[PDB]
Amino acid sequence: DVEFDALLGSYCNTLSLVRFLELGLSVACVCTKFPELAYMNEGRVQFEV
Amino acid sequence: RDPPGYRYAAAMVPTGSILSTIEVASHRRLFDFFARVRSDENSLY
Amino acid sequence: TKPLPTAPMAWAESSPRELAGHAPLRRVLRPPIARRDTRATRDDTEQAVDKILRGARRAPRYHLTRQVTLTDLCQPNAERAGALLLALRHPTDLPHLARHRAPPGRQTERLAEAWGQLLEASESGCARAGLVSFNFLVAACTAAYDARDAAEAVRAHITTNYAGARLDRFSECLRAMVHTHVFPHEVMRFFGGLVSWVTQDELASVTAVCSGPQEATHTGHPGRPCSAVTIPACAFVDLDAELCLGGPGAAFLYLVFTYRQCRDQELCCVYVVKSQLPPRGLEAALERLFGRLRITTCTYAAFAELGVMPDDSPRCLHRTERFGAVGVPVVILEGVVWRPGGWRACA
Amino acid sequence: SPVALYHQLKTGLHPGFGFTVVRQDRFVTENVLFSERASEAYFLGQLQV
Amino acid sequence: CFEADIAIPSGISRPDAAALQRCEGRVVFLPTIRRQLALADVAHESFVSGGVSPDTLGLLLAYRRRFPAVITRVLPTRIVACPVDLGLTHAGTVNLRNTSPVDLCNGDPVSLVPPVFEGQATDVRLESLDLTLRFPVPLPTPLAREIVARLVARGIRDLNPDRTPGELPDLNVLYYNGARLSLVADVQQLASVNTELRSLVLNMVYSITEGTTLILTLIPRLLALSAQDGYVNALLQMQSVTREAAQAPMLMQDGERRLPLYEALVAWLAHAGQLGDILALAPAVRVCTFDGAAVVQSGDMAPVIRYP
Amino acid sequence: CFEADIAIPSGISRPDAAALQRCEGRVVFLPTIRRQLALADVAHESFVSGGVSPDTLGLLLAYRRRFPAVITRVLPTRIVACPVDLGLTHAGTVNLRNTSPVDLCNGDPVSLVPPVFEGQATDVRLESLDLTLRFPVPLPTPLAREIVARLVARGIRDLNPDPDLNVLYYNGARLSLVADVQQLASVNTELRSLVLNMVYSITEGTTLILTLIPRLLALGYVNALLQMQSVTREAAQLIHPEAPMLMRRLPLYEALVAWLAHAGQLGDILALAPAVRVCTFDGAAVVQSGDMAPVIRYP
Amino acid sequence: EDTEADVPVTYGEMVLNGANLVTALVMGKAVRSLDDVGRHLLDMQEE
Amino acid sequence: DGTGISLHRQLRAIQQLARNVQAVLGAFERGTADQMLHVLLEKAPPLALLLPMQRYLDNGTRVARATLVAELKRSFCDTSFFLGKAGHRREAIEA
């Protein structure tokens, strides 16, 4: 006699990577990469209407 | 907290435009510093 | 000069994750977020600056405490490379407290006279007197506690190196302290191992190990041109070695004060116990082995844990070291790690 | 007396006054957000580990 | 980290080796501080005193003696557990596997307990080599001290032995948050209950001093507060002997400068204050979670840091 | 060291930012060891439990439940505090600030609740962001325990009153307990709840043993050994308390359970286990009040 | 529904790389795009 | 070790690490969007309250506020959950 045991397959998947610029939210914001925030305590914007 | 004043003269070269037209007094509180200047004030010079 | 079995020595004769750490992290740029689509003197100066180089290229098994005291009590020179120094705190209470915590029928004036008398025997200004040595206690209580002349051999050591007056004055203080419910503990906590003294005149600056292993200190044959290193109990009179019956485990080192409360007239016993029991088991074995419970209050002993000797075997007993002319049963303890511990005696 | 009112209320008498009941009650809703085109400035700092 | 290796003897059936794989994070009591040790020194067969297995008050006295070690990793021929009583010096926080119906919270000191619940799973029989492993139940010291009190009193009241009828109070059942917890009531052994009673009686005596009588004066004053404050009302448990104890200076002041109040507190605080510790094993660890998870579910791994 | 960085809130007044700058070297209790924590989580307004600001007992509970971290560097828009409980023992020397008595070269400072001394003194309020910080006082363990017990006793006398505990002689000069005025009325009102748990746990302890000993040893070695060493001590105290007091195995045993727990809960609150030690070097060896002192993680 | 694909952009970026550092350190503060601002400022009072 | 196994385990090592990094670098991609919502929601009035507000903000006052609030109080009761309430009819939705 013989009785064996088998792996009939292996299945992985793939993470999706989402950019945030391919979205519709990135219109809601003006993004900019500011290298040292850790150095600036207070930032301000001004409005004259 | 004595808000740090508005820096006129940095606004002498604005970086953009405001597309709303509203009386901003209603929304007053959402700003750190705010003035209401009628015509001209001595403190802008 | 190279082996046959190579893999065992590359590790013996001598990281890459931190290298790989900066590699993904630091090498990567603008992450994250993504967008779609002068022979000798000169040599010496250069080396000191460089030493600041390597030591500033990098950066925990050692701690040094340093303090300045007088040589009245204590005394680093008489002592050696391995020694127990015990701190002494606040001479100001010349029994001021004696007023309180002293039960009635007690002439709480004993300490103020005993102690102030000690000062006359041996002012405040440039320095203060802290740092009692282990030695100086063994002699002060030598005639008090149980073994004499193995104990008195230590007393001969101190009179000839460190004064019999101070020993006698300090013994009168220990009697007066154990008398009035101000104990030698709640005074005299452990200080360290005595690395290097640096004394001047009546002054001493004592470096000593807050905690960590002893043998890894100044090392050498001896520390400076003195002799070797060891934590030698100094008494074949001290070094009560428990574990009469034992199995391999890390031996442990405690500090015990035994007292006499009119059984012997305020006896002071000071010694070290070496056995493998975790402090919650030492109180039990201290209840046994002791008949000193004489009420004749009930607070016979007070103990704190000095540390570990993470090897059972170095317990050498030597009545063989000279601290001057005098010779003392000296027990050598090979390897010790200092855990300061805390003082527990409730009963 | 508060002992008396146990006897009334359990045995079903009206103790001459009445209550108003208040309950804090929660739900699970579903929302629509709307946002104008440049509605925020979002400075981005450097990343640390 | 002075880890103590523990050698798995011979071969324990592939089913037995799979049982040890899931014992990481559990606790072991080793009867020494060693570097080389045998697997059988840890087993419950070693807890056996002369001829007899200790009861569940006997184990507490056995866990009193020896050293708790939390298993860190298990290798094919050794078990690595670092002896918390000593080698707790790690920069970050060895993992403790919560085995209990209970839940740790954050900051809870963790003292261990022999397995003691009505529904429990602490057998772990290993058939290849005769030995077993009972793993202690970690538990907050508030709860572990309530349990020991239950086991002590149950061994004691039974010992009177209560004269009064055969229906006694529960004492076998707790509550932690919700969740009724039913202790195991099984055997009580003379010697195990004696020492627990001996040290209980002994310490509650030393907590009584001359100044204590000055405090006993205040019982009528307490019950005055029983009733006019909502706290102090709660303080006095319904089954309060003190309440039944009221249902005085005596001059005798020895020169008036001792301060017996202060001295009475110190005396009581030492002996009576520290009873959880002497009756049971005191906490040596406390839950701490770096990730900011503020509890530990039952069965999870609790990041644990040195003594409270 | 494992620094944890507390985030200062939005714009604060310039006098408040200078209040924080002076808070470097002060002990903070941080609820969780998360690397990023808010300031409101640390502030004393986060000690509220039962809807009230905690008393000295409610504090001492919290001090035993959260993690003290000394403040190392205060930065605008961040506070960097390094928890005392984390890392190896005897390492991470971080500087403290001494408050009151000297803190000699050792002795394991305990951080005890502020009210024990000038009450509001050390409240350090920040009005701009509307929060407050009460920093515990770093006292040595022998003195911290002497004090906390010293005040409870005063409280007991005060509970019903018709030798001064207050004067304290520490080191060079007599220390002062009482700030007179109504501070005592403020001190005594916060120890009010700690005094009771102390009074209760005593009165409930004695009466529970005084009932148990005569209701035990009358039902072996128990009897003989008990009365043996208890001669004129337990039994004498039994006749004397039963003289000025009143006298049930079933309520006995169930009350012996509830007391035994409540007792050890007070021993935990109390005894102020040391957070740190002082081990100096190339240092003064005595840290004068208000001076930064070296300190290390385990006693 | 008016269309599926659209055309979005990429990230905006600001640094302290010029004379905008000399102000960051000495006076200890910065203004976004000094070079423009300052130039568009200076250039007005000579004309 | 000279082994085929130790290499292969090190392969698993390099490999699992690369999976973790790909994930956490994508978190700040996911999280920048999730955080963008919260800061929009935090500043966004409920519409039921915003419509009545707007028509009093441009006009030109204590009674005008009383007349305001009494009216927000009604419009919130009505028009919240509008798609659930009025969702069966077009022009109401489309408006």
# chains A, B, ... in the order shown; residues from 1 in each chain; ligands from 1
$ select_by_dssp --residues "chain H" --states "helix (DSSP H, G or I)" --output "JSON, numbers by chain"
{"H": [5, 6, 7, 8, 9, 10, 11, 12, 13, 14, 15, 16, 17, 18, 19, 20, 21, 22, 23, 24, 25, 26, 27, 28, 29, 30, 31, 32, 33, 34, 35, 36, 37, 38, 39, 40, 41, 42, 43, 47, 48, 49, 50, 51, 52, 53, 54, 55, 56, 57, 62, 63, 64, 65, 66, 67, 68, 69, 70, 71, 72, 73, 74, 75, 76, 77, 78, 79, 82, 83, 84, 85, 90, 91, 92, 93, 94]}
$ interface_residues --of "chain B" --to "chain G" --cutoff "9 Å" --atoms "only C-alpha atoms" --output "MDAnalysis selection string"
chainID B and resid 9:10 12:15
$ write_last_selection --atoms "N, CA, C and O atoms" --output "short mmCIF file (atom, residue, chain, number, x, y, z; two decimals), in the first residue's frame"
data_model
loop_
_atom_site.label_atom_id
_atom_site.label_comp_id
_atom_site.auth_asym_id
_atom_site.auth_seq_id
_atom_site.Cartn_x
_atom_site.Cartn_y
_atom_site.Cartn_z
N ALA B 9 3.08 94.50 4.60
CA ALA B 9 4.41 94.47 3.98
C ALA B 9 4.93 93.13 3.55
O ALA B 9 5.95 93.07 2.91
N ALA B 10 4.23 92.07 3.91
CA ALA B 10 4.57 90.73 3.50
C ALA B 10 3.43 90.54 2.59
O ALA B 10 3.49 89.82 1.62
N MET B 12 2.43 92.89 0.85
CA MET B 12 2.71 93.76 -0.27
C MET B 12 2.99 92.97 -1.53
O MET B 12 3.05 93.55 -2.61
N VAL B 13 3.14 91.65 -1.43
CA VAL B 13 3.33 90.77 -2.58
C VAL B 13 2.53 89.49 -2.34
O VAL B 13 3.11 88.42 -2.12
N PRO B 14 1.20 89.55 -2.40
CA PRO B 14 0.40 88.41 -1.96
C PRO B 14 0.69 87.19 -2.80
O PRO B 14 1.08 87.28 -3.96
N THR B 15 0.51 86.02 -2.19
CA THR B 15 0.80 84.76 -2.84
C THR B 15 -0.41 84.16 -3.53
O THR B 15 -0.30 83.10 -4.13
#
$ closest_atom_pairs --of "chain B" --to "chain H" --cutoff "12 Å" --atoms "only C-alpha atoms" --output "Markdown table"
| residue | atom | partner | partner_atom | distance |
| --- | --- | --- | --- | --- |
| B:21 | CA | H:58 | CA | 10.3 |
| B:22 | CA | H:58 | CA | 7.6 |
| B:23 | CA | H:58 | CA | 7.8 |
| B:24 | CA | H:57 | CA | 9.8 |
| B:25 | CA | H:57 | CA | 9.9 |
| B:26 | CA | H:57 | CA | 7.2 |
| B:27 | CA | H:57 | CA | 9.4 |
| B:30 | CA | H:43 | CA | 10.7 |
$ write_last_selection --atoms "C-alpha atoms" --output "mmCIF file, in the first residue's frame"
data_model
loop_
_atom_site.group_PDB
_atom_site.id
_atom_site.type_symbol
_atom_site.label_atom_id
_atom_site.label_comp_id
_atom_site.auth_asym_id
_atom_site.auth_seq_id
_atom_site.Cartn_x
_atom_site.Cartn_y
_atom_site.Cartn_z
ATOM 1 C CA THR B 21 -16.579 88.062 -0.841
ATOM 2 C CA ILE B 22 -18.133 88.097 2.623
ATOM 3 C CA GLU B 23 -18.181 90.315 5.646
ATOM 4 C CA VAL B 24 -15.627 88.484 7.759
ATOM 5 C CA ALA B 25 -16.780 89.828 11.041
ATOM 6 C CA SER B 26 -19.279 87.044 11.468
ATOM 7 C CA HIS B 27 -16.534 84.496 11.274
ATOM 8 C CA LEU B 30 -11.817 81.587 13.567
#
$ residues_around --residues "stretch 1-17 of chain A" --least-positions-apart "5" --cutoff "12 Å" --atoms "only C-alpha atoms" --output "list in words"
residues 22 of chain A; 33, 34, 35 and 36 of chain C; 19, 20, 21, 22, 23, 24, 25, 26, 27, 28, 29, 30 and 31 of chain H
$ interface_residues --of "chain F" --to "chain A" --cutoff "8 Å" --atoms "only C-alpha atoms" --output "NGL selection string"
:F and (11 or 76-77)
$ write_last_selection --atoms "C-alpha atoms" --output "mmCIF file, in the first residue's frame"
data_model
loop_
_atom_site.group_PDB
_atom_site.id
_atom_site.type_symbol
_atom_site.label_atom_id
_atom_site.label_comp_id
_atom_site.auth_asym_id
_atom_site.auth_seq_id
_atom_site.Cartn_x
_atom_site.Cartn_y
_atom_site.Cartn_z
ATOM 1 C CA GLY F 11 -0.953 78.863 20.450
ATOM 2 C CA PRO F 76 8.174 74.923 22.019
ATOM 3 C CA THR F 77 5.556 72.616 20.629
#
$ interface_residues --of "chain F" --to "chain B" --cutoff "8 Å" --atoms "only C-alpha atoms" --output "NGL selection string"
:F and (11-14 or 128)
$ interface_residues --of "chain A" --to "chain D" --cutoff "7 Å" --atoms "only C-alpha atoms" --output "list in words"
residues 27, 28, 29, 30, 31, 32, 33, 34, 35, 36 and 37 of chain A
$ write_last_selection --atoms "N, CA, C and O atoms" --output "JSON list (two decimals), in the first residue's frame"
[["chain", "number", "residue", "atom", "x", "y", "z"],
["A", 27, "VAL", "N", -7.73, 67.23, -4.33],
["A", 27, "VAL", "CA", -8.14, 68.56, -4.74],
["A", 27, "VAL", "C", -8.49, 69.39, -3.53],
["A", 27, "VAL", "O", -8.34, 70.61, -3.56],
["A", 28, "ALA", "N", -8.93, 68.76, -2.45],
["A", 28, "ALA", "CA", -9.39, 69.46, -1.26],
["A", 28, "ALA", "C", -8.27, 70.11, -0.49],
["A", 28, "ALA", "O", -8.55, 70.77, 0.51],
["A", 29, "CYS", "N", -7.03, 69.93, -0.91],
["A", 29, "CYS", "CA", -5.87, 70.37, -0.15],
["A", 29, "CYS", "C", -4.76, 70.79, -1.10],
["A", 29, "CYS", "O", -4.63, 70.26, -2.20],
["A", 30, "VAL", "N", -3.94, 71.73, -0.65],
["A", 30, "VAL", "CA", -2.72, 72.07, -1.34],
["A", 30, "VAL", "C", -1.59, 71.41, -0.57],
["A", 30, "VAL", "O", -1.10, 71.97, 0.40],
["A", 31, "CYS", "N", -1.09, 70.29, -1.05],
["A", 31, "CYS", "CA", -0.07, 69.58, -0.31],
["A", 31, "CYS", "C", 1.29, 70.11, -0.69],
["A", 31, "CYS", "O", 1.54, 70.44, -1.85],
["A", 32, "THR", "N", 2.17, 70.23, 0.30],
["A", 32, "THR", "CA", 3.55, 70.57, 0.00],
["A", 32, "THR", "C", 4.45, 69.96, 1.05],
["A", 32, "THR", "O", 4.09, 69.89, 2.22],
["A", 33, "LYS", "N", 5.62, 69.50, 0.62],
["A", 33, "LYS", "CA", 6.53, 68.79, 1.49],
["A", 33, "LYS", "C", 7.49, 69.80, 2.10],
["A", 33, "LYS", "O", 8.35, 70.35, 1.41],
["A", 34, "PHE", "N", 7.35, 70.02, 3.40],
["A", 34, "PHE", "CA", 8.11, 71.02, 4.13],
["A", 34, "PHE", "C", 9.09, 70.29, 5.02],
["A", 34, "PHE", "O", 8.70, 69.76, 6.07],
["A", 35, "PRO", "N", 10.38, 70.23, 4.66],
["A", 35, "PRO", "CA", 11.28, 69.27, 5.32],
["A", 35, "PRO", "C", 11.42, 69.45, 6.81],
["A", 35, "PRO", "O", 11.39, 68.45, 7.54],
["A", 36, "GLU", "N", 11.57, 70.66, 7.32],
["A", 36, "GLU", "CA", 11.64, 70.81, 8.77],
["A", 36, "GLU", "C", 10.43, 71.58, 9.28],
["A", 36, "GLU", "O", 10.45, 72.80, 9.39],
["A", 37, "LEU", "N", 9.42, 70.83, 9.71],
["A", 37, "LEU", "CA", 8.42, 71.35, 10.62],
["A", 37, "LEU", "C", 8.90, 71.25, 12.05],
["A", 37, "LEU", "O", 8.56, 72.08, 12.89]]
$ interface_residues --of "chain A" --to "chain H" --cutoff "7 Å" --atoms "only C-alpha atoms" --output "PyMOL selection string"
chain A and resi 17-20
$ interface_residues --of "chain C" --to "chain F" --cutoff "6 Å" --atoms "only C-alpha atoms" --output "list in words"
residues 65, 66, 90 and 92 of chain C
$ residues_around --residues "stretch 18-20 of chain F" --least-positions-apart "6" --cutoff "9 Å" --atoms "only C-alpha atoms" --output "ChimeraX atom specification"
/F:74-76,79,124-126
$ select_by_dssp --residues "stretch 115-191 of chain E" --states "strand (DSSP E)" --output "MDAnalysis selection string"
chainID E and resid 137:140 173:175 180:182
$ write_last_selection --atoms "N, CA, C and O atoms" --output "PDB file, in the first residue's frame"
ATOM      1  N   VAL E 137      -1.263  31.129  37.181  1.00  0.00           N
ATOM      2  CA  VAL E 137      -2.172  32.080  36.549  1.00  0.00           C
ATOM      3  C   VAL E 137      -1.710  33.486  36.920  1.00  0.00           C
ATOM      4  O   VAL E 137      -1.748  33.842  38.104  1.00  0.00           O
ATOM      5  N   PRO E 138      -1.257  34.295  35.969  1.00  0.00           N
ATOM      6  CA  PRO E 138      -1.019  35.701  36.257  1.00  0.00           C
ATOM      7  C   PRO E 138      -2.336  36.406  36.519  1.00  0.00           C
ATOM      8  O   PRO E 138      -3.378  36.039  35.979  1.00  0.00           O
ATOM      9  N   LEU E 139      -2.263  37.474  37.294  1.00  0.00           N
ATOM     10  CA  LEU E 139      -3.446  38.102  37.871  1.00  0.00           C
ATOM     11  C   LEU E 139      -3.055  39.408  38.533  1.00  0.00           C
ATOM     12  O   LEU E 139      -1.981  39.496  39.140  1.00  0.00           O
ATOM     13  N   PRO E 140      -3.895  40.430  38.455  1.00  0.00           N
ATOM     14  CA  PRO E 140      -3.595  41.677  39.151  1.00  0.00           C
ATOM     15  C   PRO E 140      -3.481  41.409  40.640  1.00  0.00           C
ATOM     16  O   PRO E 140      -4.219  40.598  41.195  1.00  0.00           O
ATOM     17  N   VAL E 173     -16.324  32.240  45.691  1.00  0.00           N
ATOM     18  CA  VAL E 173     -16.760  32.939  44.490  1.00  0.00           C
ATOM     19  C   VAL E 173     -16.355  34.401  44.585  1.00  0.00           C
ATOM     20  O   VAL E 173     -16.503  35.022  45.640  1.00  0.00           O
ATOM     21  N   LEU E 174     -15.858  34.949  43.484  1.00  0.00           N
ATOM     22  CA  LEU E 174     -15.419  36.331  43.388  1.00  0.00           C
ATOM     23  C   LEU E 174     -16.210  37.042  42.298  1.00  0.00           C
ATOM     24  O   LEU E 174     -17.086  36.469  41.657  1.00  0.00           O
ATOM     25  N   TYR E 175     -15.881  38.314  42.103  1.00  0.00           N
ATOM     26  CA  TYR E 175     -16.245  39.053  40.906  1.00  0.00           C
ATOM     27  C   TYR E 175     -15.091  39.967  40.550  1.00  0.00           C
ATOM     28  O   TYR E 175     -14.603  40.708  41.406  1.00  0.00           O
ATOM     29  N   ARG E 180     -18.551  36.531  37.329  1.00  0.00           N
ATOM     30  CA  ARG E 180     -18.374  35.678  38.495  1.00  0.00           C
ATOM     31  C   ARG E 180     -17.214  34.714  38.287  1.00  0.00           C
ATOM     32  O   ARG E 180     -17.119  34.045  37.258  1.00  0.00           O
ATOM     33  N   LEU E 181     -16.324  34.657  39.270  1.00  0.00           N
ATOM     34  CA  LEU E 181     -15.161  33.788  39.217  1.00  0.00           C
ATOM     35  C   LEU E 181     -15.274  32.788  40.349  1.00  0.00           C
ATOM     36  O   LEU E 181     -15.285  33.178  41.518  1.00  0.00           O
ATOM     37  N   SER E 182     -15.368  31.511  40.013  1.00  0.00           N
ATOM     38  CA  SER E 182     -15.595  30.467  41.002  1.00  0.00           C
ATOM     39  C   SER E 182     -14.276  29.761  41.273  1.00  0.00           C
ATOM     40  O   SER E 182     -13.733  29.096  40.389  1.00  0.00           O
TER      41      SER E 182
END
$ residues_around --residues "residue C:64" --least-positions-apart "4" --cutoff "8 Å" --atoms "only C-alpha atoms" --output "PyMOL selection string"
(chain C and resi 207-211) or (chain F and resi 281)
